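*Asks:* A single structure is presented below for examination.
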Amino acid sequence: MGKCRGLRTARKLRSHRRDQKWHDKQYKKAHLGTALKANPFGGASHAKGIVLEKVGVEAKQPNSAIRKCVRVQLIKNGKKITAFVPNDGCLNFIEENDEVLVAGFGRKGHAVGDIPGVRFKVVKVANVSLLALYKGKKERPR
Amino acid sequence: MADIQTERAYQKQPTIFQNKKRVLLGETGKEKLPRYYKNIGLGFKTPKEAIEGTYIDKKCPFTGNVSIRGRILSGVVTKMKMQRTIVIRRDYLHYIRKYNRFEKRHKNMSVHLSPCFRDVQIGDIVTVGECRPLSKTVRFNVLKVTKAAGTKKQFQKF
Amino acid sequence: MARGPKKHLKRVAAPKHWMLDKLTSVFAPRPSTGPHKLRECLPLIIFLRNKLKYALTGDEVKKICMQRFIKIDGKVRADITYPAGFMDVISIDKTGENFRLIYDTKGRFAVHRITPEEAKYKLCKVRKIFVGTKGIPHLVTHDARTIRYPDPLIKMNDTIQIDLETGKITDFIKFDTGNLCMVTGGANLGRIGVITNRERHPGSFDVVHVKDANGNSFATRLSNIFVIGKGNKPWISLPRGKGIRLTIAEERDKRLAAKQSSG
Amino acid sequence: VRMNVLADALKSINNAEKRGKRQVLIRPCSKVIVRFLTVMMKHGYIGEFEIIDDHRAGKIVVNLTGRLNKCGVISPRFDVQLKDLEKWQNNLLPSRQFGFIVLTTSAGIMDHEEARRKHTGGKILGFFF
RNA sequence: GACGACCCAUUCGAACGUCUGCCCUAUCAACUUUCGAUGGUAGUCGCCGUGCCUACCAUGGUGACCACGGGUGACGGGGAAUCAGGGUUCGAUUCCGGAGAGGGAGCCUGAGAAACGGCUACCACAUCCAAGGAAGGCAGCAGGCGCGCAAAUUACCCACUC
RNA sequence: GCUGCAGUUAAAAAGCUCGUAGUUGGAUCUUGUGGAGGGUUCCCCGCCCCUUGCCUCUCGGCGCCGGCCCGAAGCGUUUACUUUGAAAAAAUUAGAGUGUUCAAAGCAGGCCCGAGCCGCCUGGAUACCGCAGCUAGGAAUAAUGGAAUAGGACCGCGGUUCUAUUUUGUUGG
């Protein structure tokens, strides 16, 4: 309680709630829209780009590994993202200065696992999925 | 009051004529005015002041031309200083289904005041009625004024 | 789109009491302009292939109307979307049959066949009295006929029997309590009962109570009341159910009581 | 102050019943409080009560048993419309088999089981069980 | 029988007007007025009512019960998804209403249009030409280019429904 | 977080007080008895003073024997509230009916006869539809409210001032 409970206090309630909703964390990203503007995506699930150069990222402690990322610039916003390559040895199935299709990690703007600075992964290298390259259901077209 | 002409154009009642026809004290009457009035109908009362009085106005419904038909509403005076009109207010309560509380909202509207009524003051109750447009912000006219129904303006000790 | 009047009418905004389907195409007939109100009409073609099933396609109905077997109010009509409404008589003279358009107790235009004797007149409401030039009075009716020189004692909300051939009314009723009435508009429809009471207000509508002989009281606006004959004495042959109107519980009970749904 | 008279009365009888007191002192009396306690007595949750008279606002003394459990006030006073009734009756009663939300109608003050048989809604006052 | 025409009524509407109902923002608190703001008197104009417009005259109108200003990945509603009760989010899209045909403006004909599968001009585009001139508007059905994460056949036919 | 959150120390009460708007606001102005519906008092007519508060009447029905009685007409200071009516486009939703071969759907369909039945029966319900506006009933609750250096009441009268056209067949005085 600690609040008015008149029968004519609809205004003082409905204007108060509309204000104290802005302090909520979820709401403040959704409704200012600065989230979208800042994102390298337009708010689309995927996006398409062109590879710039392979890189390797050294994982945050205590784990030690090299995580074989790429760096890609996008078509639809012309700006750059550092993107993970999943499975094993799929670095080889990516070849520089071609198109790729990117996709978010699965934690909505926040780095996943022990790798820092990488919020994206890669799905298609030339209309052929990393899954099908790895399994052998399709082959890289050269 | 005896003179009500002051305009560029002559002020008169339409639907009245002035004769030159003979009388034994002529020419040609004894004030040259047979007064015009009409009833509103509906069950609202005609005032004495109109039938007695002398004024030229066309936006009043007692002497002028304008019908009252459709809605009927009330209000209260809040302000006036305008020429042959006033401002009034309508307090009411708006409900919200998300809560179960009410809250206050008001609108203000102007409405034309007859030269017949000459006893109005701020805070007097008023009743009004729907009409065809008369002006940009006038859609109504007064039909009746009433006061001494809540906080009197006078007291008896005579 | 609003640079002029529309001419199509859909099926899914069509007035619902013509009992249309929705797996035939987008359009529905549309009543053409005429004497009865668009909502209150039953277009011709719906009586002739969506009721009695003489025809099976709309082109077939056009082939009936062209040979001129159809009449309405003793004159010949030949449209497929003529707008006939309440209290008219259709007359097919190639079958020897005559119909009447009247309201069912569930509020939809039924098939009410009648004697040729009854089919020589209809009941018409008075709506307006209007003095024309040179001091002649007039009537105006809901079927929109102007009958000149009426005797002065007939007033509005009365009803008059009209001879289809000649105009020139045969009888009339003067509207009052204790006269038998049918409802024609409003949320009540087709109910029959005596007038019982009226109520007047100054402008903004007024209502008219009704009570029937089965002990139910209901009310309706003034302009949805229609007189059918003197108290407990109809001057028309009424369709079955007699405007009493049951509830759904009782109506269910009848079907399972006779245990009948075929014969 | 004391903006709600009914609200201050019932809290006393609540506190008192917990300790086990079988006589109390409630002030100020109002006619509204009398008809309240009348309904609470008929059903048998409380016993006979004595109105002391002054020339101020009166004082009341009550005889009660351990049968009462909790009587509440509902502030502000909402409306009920005999379909809103059921929504209320769920929330304020621990059971479907006992307890009585009270209210006032144009047909006078009464419990909800009775109000439904008069076929009239009204303004709700409190509850008890 | 067919046709035409005048006026009144009727039907289909149309147009103005009443009351009530609307998403975010105060790091938007005063705004509006002779480039009419509010009102009065007379006139002009218009299908009619009306500062719609003009002359003369008055000095008002609105606001902390949120005006005014700004924002909206806002066409509105009938509805849709989830849900014990109370809610929250969505609604470009088959019904109903509105607005618009590259952007602007003007206009003819007609009962009805500020029409664009009508016209006239500018601005932005783009085509043919003997270089003198001429012609154009797929947010109609298919189809193509471009854009992008993202979306079909240059098919058959008036038999049904109208 | 209205239903339904929290503020000593976990995030958190303005240093303190005054103050207009807003919100909220004490008590106070009526109970018993026969008939009728349900118990063993208690919840449509009346009675103590009241009982749907009054009259005044006059025009158009009901009466009873010129004379008399009672329904409709103004309304009970105003609202909210509550209860009933009127009024609401369809599709969708809830929901009645029907063996789509079952279902999603759909609005249909069902009966007896060789060839004589040249026909018969029946459906296409119903609910809800925020607000705001219209109608009637209730009168507790909450606002608002009647004469206080009077005016309320009765065909009580005066003085003063103004005035109606209806009828004496018509028109003037």
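Ligands are numbered from 1 in the order shown, residues from 1 within each chain, and chains are lettered A, B, ... in the order they appear in the structure tokens.
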Do me a favour and pick out the residues of chain B within 12 Å of chain A, using only C-alpha atoms, as JSON, numbers by chain.

*Replies:* {"B": [92, 93, 94, 95, 96, 97, 98, 99, 100, 101, 102, 103, 104, 105]}

*Asks:* Using only C-alpha atoms (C1' of nucleotides), determine which residues of chain A fall within 8 Å of chain E; present them as a list in words.

*Replies:*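 Close enough to count are residues 44, 45, 46, 47, 48 and 76 of chain A.
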
*Asks:* What would the file look like if the residues just selected were written as a PDB file, in the first residue's frame with C-alpha atoms?

*Replies:*
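Dumped to out-v9.pdb:
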ATOM      1  CA  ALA A  44      16.506  -8.532 -38.543  1.00  0.00           C
ATOM      2  CA  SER A  45      17.295 -12.079 -37.448  1.00  0.00           C
ATOM      3  CA  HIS A  46      20.122 -12.433 -39.951  1.00  0.00           C
ATOM      4  CA  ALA A  47      22.126 -10.164 -42.183  1.00  0.00           C
ATOM      5  CA  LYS A  48      24.563 -10.629 -45.034  1.00  0.00           C
ATOM      6  CA  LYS A  76      22.846  -3.147 -45.356  1.00  0.00           C
TER       7      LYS A  76
END

*Asks:* So which residues of region 35-142 of chain A fall under helix (DSSP H, G or I) by DSSP, listed as a ChimeraX atom specification?

*Replies:* /A:35-38,130-135

*Asks:* Just C-alpha atoms for this one: save the residues we selected as a PDB file, in the first residue's frame.

*Replies:*
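Just written: again33.pdb:
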ATOM      1  CA  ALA A  35      19.055  -0.397 -29.180  1.00  0.00           C
ATOM      2  CA  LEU A  36      18.154  -0.784 -32.897  1.00  0.00           C
ATOM      3  CA  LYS A  37      20.080   2.296 -34.048  1.00  0.00           C
ATOM      4  CA  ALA A  38      23.207   1.170 -32.223  1.00  0.00           C
ATOM      5  CA  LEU A 130      28.138 -25.125 -42.509  1.00  0.00           C
ATOM      6  CA  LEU A 131      26.053 -28.096 -41.370  1.00  0.00           C
ATOM      7  CA  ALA A 132      25.931 -29.633 -44.844  1.00  0.00           C
ATOM      8  CA  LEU A 133      29.628 -28.828 -45.472  1.00  0.00           C
ATOM      9  CA  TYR A 134      30.592 -30.539 -42.225  1.00  0.00           C
ATOM     10  CA  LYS A 135      28.343 -33.582 -42.633  1.00  0.00           C
TER      11      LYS A 135
END

*Asks:* Please give the complete set of residues from region 29-137 of chain B that DSSP, run on the backbone, assigns to strand (DSSP E or B), formatted as a PyMOL selection string.

*Replies:* chain B and resi 72-79+85-95+102-112+125-130

*Asks:* Give me, as a list in words, the residues of chain F touching chain C, with the criterion being at most 8 Å (counting only C-alpha atoms (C1' of nucleotides)).

*Replies:*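 Those within range of chain C come out as residues 85, 86, 89, 90, 91, 107, 110, 111, 120, 121, 122, 124, 125 and 126 of chain F.
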
*Asks:* Would you work out the distance separating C1' of residue 58 (chain E) from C1' of residue 40 (chain E), expressed in Å to one decimal?

*Replies:* 6.9 Å

*Asks:* If the cut-off is 8 Å, can you tell me the residues of chain D near chain F, counting only C-alpha atoms (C1' of nucleotides)? I'd like them as a PDB file with C-alpha atoms, in the first residue's frame.

*Replies:*
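New file result.pdb:
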ATOM      1  CA  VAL D   1      -9.422  12.589  12.289  1.00  0.00           C
ATOM      2  CA  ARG D   2     -11.324   9.371  11.623  1.00  0.00           C
ATOM      3  CA  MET D   3     -12.420   9.460   8.031  1.00  0.00           C
ATOM      4  CA  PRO D  28     -18.288   6.465  18.098  1.00  0.00           C
ATOM      5  CA  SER D  30     -23.397   5.491  14.191  1.00  0.00           C
ATOM      6  CA  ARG D  56     -22.240  13.310  21.711  1.00  0.00           C
ATOM      7  CA  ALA D  57     -22.091  10.199  19.549  1.00  0.00           C
ATOM      8  CA  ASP D  79     -20.257  -0.899  -6.947  1.00  0.00           C
ATOM      9  CA  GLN D  81     -23.718  -5.462 -10.548  1.00  0.00           C
ATOM     10  CA  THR D 104     -25.880  -1.875   1.123  1.00  0.00           C
ATOM     11  CA  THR D 105     -28.525  -1.553  -1.538  1.00  0.00           C
ATOM     12  CA  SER D 106     -31.564   0.664  -2.031  1.00  0.00           C
ATOM     13  CA  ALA D 107     -33.467  -2.208  -0.388  1.00  0.00           C
ATOM     14  CA  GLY D 108     -31.347  -1.721   2.765  1.00  0.00           C
ATOM     15  CA  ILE D 109     -28.249  -3.326   4.272  1.00  0.00           C
ATOM     16  CA  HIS D 119     -32.167  -9.065  -7.563  1.00  0.00           C
ATOM     17  CA  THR D 120     -30.499  -5.703  -6.818  1.00  0.00           C
ATOM     18  CA  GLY D 121     -26.817  -4.756  -6.718  1.00  0.00           C
ATOM     19  CA  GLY D 122     -25.414  -1.871  -4.714  1.00  0.00           C
ATOM     20  CA  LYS D 123     -22.356  -0.556  -2.896  1.00  0.00           C
TER      21      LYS D 123
END

*Asks:* List as a VMD selection string the protein and nucleic acid residues near residue 10 (chain E), meaning an atom at most 12 Å away when only C-alpha atoms (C1' of nucleotides) are counted, but skip any in the same chain fewer than 4 places from it.

*Replies:* chain C and resid 33 to 37 127 140 to 146
